[PDB]
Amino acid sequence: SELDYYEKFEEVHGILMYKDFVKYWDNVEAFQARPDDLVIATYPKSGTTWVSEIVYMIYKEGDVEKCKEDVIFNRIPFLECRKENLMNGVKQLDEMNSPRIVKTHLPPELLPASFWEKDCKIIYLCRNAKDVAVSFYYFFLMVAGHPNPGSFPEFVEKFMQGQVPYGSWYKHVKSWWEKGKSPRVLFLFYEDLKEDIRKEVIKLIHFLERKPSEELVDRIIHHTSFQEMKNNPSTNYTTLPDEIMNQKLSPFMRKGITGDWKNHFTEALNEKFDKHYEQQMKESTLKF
């Protein structure tokens, strides 16, 4: 049902958003950033947790014992996220000592103005639309606060129209792509992390002005592999109660591959999606 679908959402500045977050939006827009804040921005399900753990490790010189001191969602606050009596992203950040690492799924136009004014470093991670759609679909089924996503074809329709939390994936990646032309905003691809993790890890170390030793690279590559992070309670979100995230249905660290869309899209839906994709993306220099 359409009525029930949007009942869980509310638009903020034109993009559909989780109702709970919108409640305290003023706090997000008035957020006070610091010069050395590091923002990790992504469209939902593009690999946020993966790049977040890599960055954390670079900050802690690859000390695994330091990356387990707390769960990922506490070490790296989810900026716009807030749920009464559960979590408060803005607060965690306000009470955190610099250098702070900020997680967000906001398009660049909605990122709190303070981050832009202080010209903070930003890392953006992009993933192919079809794999994002598959992963986002399971997120709907797993995380509380989501309406029934309908059948997969139905959900993909919502996805193509940008009628999902955080809006149009197309506008999201195209806007960040433009921001990414600046050396201050590192634009990365999930597919690149998959193809040659070492190359991307080294790039991230240099972007973050750190020393790229073999020891550091080795530990990051090992600690951030899918198998390790999937069994690491600090990064696999398994500490969250099932009412919030029921991973018995589908685990957060689901498959961690590129191309899972081939297992979900019918040839017909693939054809429909590809046609729509081209009309949405042919003018952008962004390419996979």
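Numbering starts at 1 and runs along the sequence shown.
Taking only CA atoms, the mean B-factor in the PDB entry is higher for 10-18 than for the other of 10-18 and 268-276. Here 171-179 and 134-142 are compared by their mean Cα B-factor, and 134-142 comes out higher.
Reading the B-factor column for the CA atoms of 53, 37, 242, 260 in the entry, the top value corresponds to 242. Sorting 64, 33, 28, 58 by the CA temperature factor given in the entry leaves 64 at the top. Ranked by C-alpha B-factor against the other modelled residues of its chain, residue 45 falls in the lowest third. Per the PDB record, residue ranking by Cα B-factor puts residue 100 in the middle third of the chain.
The entry lists a Cα temperature factor for residue 206 that places it in the middle third of the chain's modelled residues. Annotation for residue 84: C-alpha temperature factor in the highest third relative to the rest of the modelled chain, per the entry. The entry lists a Cα temperature factor for residue 166 that places it in the lowest third of the chain's modelled residues.
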